Amino acid sequence: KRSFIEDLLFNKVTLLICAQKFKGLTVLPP
Amino acid sequence: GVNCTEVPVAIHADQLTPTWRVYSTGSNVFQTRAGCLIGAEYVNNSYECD
Ligand SMILES: *[C@@H]1O[C@H](CO)[C@@H](O)[C@H](O)[C@H]1NC(C)=O
Ligand SMILES: *[C@@H]1O[C@H](CO)[C@@H](O)[C@H](O)[C@H]1NC(C)=O
């Protein structure tokens, strides 16, 4: 449930390296 | 951050760093996006977060 401008904002900004991080480095979810 | 098919295989003697393996065979197991919860049942109503 998003509008047009929200869809554009989500598409424009983009976020194996995470798999490579076996060295005790994790990212928690919000 | 562990798929919850690892802790049931972890149910053994001297096959896990934490000692309290007895609690692995505990209560209803729930799947979340940050791991899996052991010992808490999942109702499907809504409240204010505690
Ligand atoms: C664990 O992996 C299996 C792959 O067979 C998948 O079906 C399941 O949804 C996953 N569960 C969790 C909690 O990651
Ligand atoms: C909530 O969980 C109960 C468990 O038996 C189920 O019967 C019911 O249909 C569920 N309600 C919804 C809205 O998923």
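Within every chain, residues carry numbers counted from 1 in written sequence order, not necessarily those of the entry, while residues missing coordinates are excluded from display. For this description, chains carry letters from A and ligands carry numbers from 1, given in the order in which they are written. The full assembly is larger than what is shown, and all values describe the shown chains rather than the whole. Side-chain descriptors were evaluated using all non-hydrogen atoms of the structure, hydrogens and water having been removed beforehand.

Determination of this PDB entry was carried out by cryo-EM to a resolution of 3.40 Å, according to the record.

**Student:** Where do I start with the UniProt feature "disulfide bond" in chain B in this structure?
**Tutor:** All names here are of chain B. Measuring sulfur to sulfur gives 2.0 Å for the UniProt disulfide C4/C36, short enough to count as a bond. One end of the pair, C4, is in the segment before β1 (29–31); the other, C36, is in strand β2 (residues 36–38), with 32 residues separating them in the sequence. Here the term buried applies to any residue with accessible area under 20% of the maximum for its type, exposed to any over 50%, and partly exposed to those in between, with areas from a 1.4 Å probe on protein chains only. What makes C36 partly exposed here is its relative accessible area of 23%. When two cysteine sulfur atoms are found within 2.5 Å, that pair is recorded as a disulfide. UniProt positions are given in the numbering used here, feature names are shortened, and annotations may be inferred rather than shown by experiment. Secondary structure elements follow DSSP: runs of H or I no shorter than four residues count as helices, runs of E no shorter than two count as strands, and numbering proceeds from the N terminus.

**Student:** For this particular structure, what's the right way to read the state of the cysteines?
**Tutor:** Put plainly, a disulfide is one covalent bond tying together the sulfur atoms of two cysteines. Residues and elements named next belong to chain B. The full count for this structure, using the stated rule, is one disulfide over all chains. Paired by a disulfide, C4 and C36 hold their sulfur atoms 2.0 Å apart. Of note, the bridge from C4 to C36 carries an S-S torsion of about 50° and is right-handed in sense. A disulfide-free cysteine, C49 has its sulfur positioned 19 Å from the sulfur of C36, the nearest such atom. With relative accessibility at 73%, the residue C49 sits in the exposed group.

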